[PDB]
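Peer 1: Quick one: structure below, then a few questions.
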Amino acid sequence: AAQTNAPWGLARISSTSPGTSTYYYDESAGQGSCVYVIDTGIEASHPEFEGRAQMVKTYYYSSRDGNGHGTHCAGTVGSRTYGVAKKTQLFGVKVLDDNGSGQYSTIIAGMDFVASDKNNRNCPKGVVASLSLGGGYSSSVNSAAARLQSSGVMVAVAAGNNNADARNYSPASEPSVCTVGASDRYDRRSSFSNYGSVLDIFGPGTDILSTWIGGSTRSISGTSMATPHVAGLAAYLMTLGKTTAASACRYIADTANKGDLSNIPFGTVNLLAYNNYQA
Ligand SMILES: [Ca+2]
Ligand SMILES: [Ca+2]
């Protein structure tokens, strides 16, 4: 399949080179996989989700996404126009309030929820969790991410937007998950992207068009706009049978575009998520 005039990030993950406009992908499109978006929620009614999104848990008074952040991230995973995995099932877990903030205890609960809840769901191609969030280092938060991974979920987390070593941020610094940095359309490390030895992979994160609340769309930037690219790619590869929840981050790194990025500090991987699609 080919989506012409795709958002640059989708085009980028299906090319060995920057500057293309077409997103090439296998038409299976992550069908039969499930991605939990742990965030501010998902506006499941957005036409772009085609009924494939639903809220499954909230830690606040409502399950509504009153911010937009979670809806944007979910859109990059699996919306029709803006998504990597256009036929995946999306599950919303609202651990962040409508200002985009959340307590560590709640974020941990949300992770533990997904580890259990997946057993109530029909996801024959496997399960992914996308965590576009984080704060300062916490062993408790890291441990929760490690548990979720261990339970058989592909966990992808944002590296953070501090232009610093991700070792001092959680869940970014948990080694056993997939820690995602951000790049821009000219293959530069995004100016804000964290870096460091803990990063597994980079994804498109600067000027990312996706879904927004009120049935709208907008372009925003962050390591968290890169995280769902990798989560969606994982789901896509899992549907294809190329890899598993336990091994997908490694597989993505194995098959990444190598050395294409600039302003990568010594000691940080120079690896850009790539679907290696051959028609
Ligand atoms: Ca290249
Ligand atoms: Ca890792």
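Scheme for the structure tokens: letters A, B, ... for chains in order shown; per-chain residue numbers from 1; ligand numbers from 1 in order shown.
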Check the DSSP output for the backbone and give back, as a PyMOL selection string, the residues of stretch 34-195 of chain A in strand (DSSP E or B).
Peer 2: chain A and resi 34-39+53-58+89-94+126-131+135-136+153-158+165+169-170+178-183+188-189+195
Peer 1: List all protein, DNA and RNA residues that have any atom at most 8 Å from ligand 1, counting only C-alpha atoms and all ligand atoms, and write the list as a ChimeraX atom specification.
Peer 2: /A:15-18,257-260
Peer 1: Env of stretch 163-172 of chain A: 7 Å cut, atoms = only C-alpha atoms, seq-sep filter 2 positions within chain, self excluded. Answer as a compact mmCIF listing (two decimals) with C-alpha atoms, in the first residue's frame.
Peer 2:
# COMPACT_ATOMS: atom_id res chain seq x y z
CA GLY A 134 7.67 11.12 32.13
CA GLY A 135 9.40 13.15 34.83
CA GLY A 136 12.47 12.89 37.07
CA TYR A 137 14.13 9.58 37.93
CA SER A 138 11.99 7.14 39.97
CA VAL A 141 8.12 4.18 37.86
CA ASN A 142 10.95 2.28 36.14
CA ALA A 145 7.50 -0.14 33.13
CA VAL A 157 8.40 5.31 26.20
CA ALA A 158 9.46 8.84 25.42
CA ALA A 159 13.09 9.79 26.09
CA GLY A 160 11.96 13.26 27.32
CA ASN A 161 12.26 16.84 26.05
CA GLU A 174 14.31 1.87 32.55
CA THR A 179 13.24 4.40 24.92
CA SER A 191 16.62 20.32 19.42
CA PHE A 192 14.72 19.27 22.62
CA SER A 193 15.27 15.51 22.44
CA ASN A 194 16.98 13.76 25.27
CA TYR A 195 19.89 11.47 24.35
CA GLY A 196 22.19 8.99 26.09
CA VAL A 198 19.64 4.31 27.36
Peer 1: Quick one: residues within 8 Å of stretch 224-237 of chain A, only C-alpha atoms counted, chain neighbours fewer than 5 positions away excluded, as a CSV table (one decimal) with C-alpha atoms, in the first residue's frame?
Peer 2:
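Result went into around29.csv, see below:
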chain,number,residue,atom,x,y,z
A,9,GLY,CA,7.0,11.2,9.7
A,10,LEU,CA,5.1,8.3,8.1
A,28,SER,CA,-2.1,-5.7,6.9
A,29,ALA,CA,-1.6,-2.4,8.7
A,30,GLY,CA,-1.4,-3.8,12.2
A,31,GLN,CA,-4.7,-5.7,12.0
A,33,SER,CA,-2.7,-6.2,17.2
A,34,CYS,CA,-3.6,-3.9,20.2
A,35,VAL,CA,-2.0,-0.7,21.3
A,73,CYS,CA,-0.5,10.2,20.2
A,74,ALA,CA,-3.2,7.7,19.5
A,76,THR,CA,0.1,8.7,15.2
A,77,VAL,CA,-0.2,5.0,16.3
A,78,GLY,CA,-3.3,4.2,14.4
A,83,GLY,CA,-1.3,6.5,11.8
A,84,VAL,CA,1.6,4.0,11.3
A,85,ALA,CA,-0.6,1.0,12.0
A,88,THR,CA,-4.7,-1.7,14.9
A,125,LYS,CA,-0.9,-10.5,16.9
A,126,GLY,CA,0.2,-9.1,20.3
A,127,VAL,CA,0.1,-6.1,22.6
A,128,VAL,CA,1.9,-2.7,22.6
A,129,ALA,CA,1.8,0.1,25.2
A,130,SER,CA,2.8,3.7,24.2
A,131,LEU,CA,3.9,6.0,27.1
A,132,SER,CA,4.4,9.6,25.9
A,133,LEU,CA,5.1,10.9,29.4
A,154,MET,CA,5.9,-4.1,24.0
A,155,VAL,CA,6.5,-1.0,26.0
A,156,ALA,CA,7.7,2.2,24.2
A,157,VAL,CA,8.4,5.3,26.2
A,158,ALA,CA,9.5,8.8,25.4
A,159,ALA,CA,13.1,9.8,26.1
A,160,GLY,CA,12.0,13.3,27.3
A,179,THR,CA,13.2,4.4,24.9
A,180,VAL,CA,12.5,6.7,22.0
A,181,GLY,CA,14.3,9.9,21.0
A,182,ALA,CA,13.0,12.5,18.4
A,183,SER,CA,14.3,13.6,15.0
A,202,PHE,CA,14.8,7.6,17.2
A,203,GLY,CA,11.5,8.4,15.6
A,204,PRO,CA,10.0,11.5,13.9
A,205,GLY,CA,9.2,14.0,16.6
A,206,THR,CA,9.3,17.6,15.2
A,208,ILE,CA,4.0,15.9,13.6
A,242,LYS,CA,8.5,-10.5,12.0
A,243,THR,CA,8.9,-10.1,15.7
A,245,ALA,CA,6.5,-8.1,22.1
A,248,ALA,CA,10.5,-5.9,18.9
A,249,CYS,CA,12.6,-3.0,20.2
A,252,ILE,CA,13.5,-2.3,15.2
A,273,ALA,CA,12.9,3.6,13.0
A,275,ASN,CA,9.8,-0.5,8.3
Peer 1: Residues of chain A within 6 Å of ligand 2: nearest atom pair and distance (Å, one decimal) for each, counting only C-alpha atoms and all ligand atoms, sorted by chain and number, as a tab-separated table?
Peer 2:
residue	atom	partner	partner_atom_place_in_ligand_line	distance
A:175	CA	ligand 2	1 (Ca)	4.2
A:176	CA	ligand 2	1 (Ca)	4.7
A:177	CA	ligand 2	1 (Ca)	4.6
A:178	CA	ligand 2	1 (Ca)	4.6
A:179	CA	ligand 2	1 (Ca)	5.6
A:198	CA	ligand 2	1 (Ca)	5.9
A:200	CA	ligand 2	1 (Ca)	5.3
Peer 1: Restricting the calculation to only C-alpha atoms, which member of A:23, A:82, A:113, A:104 is positioned closest to residue A:57?
Peer 2: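 When distances to residue A:57 are compared using only C-alpha atoms, the smallest one comes from A:113.
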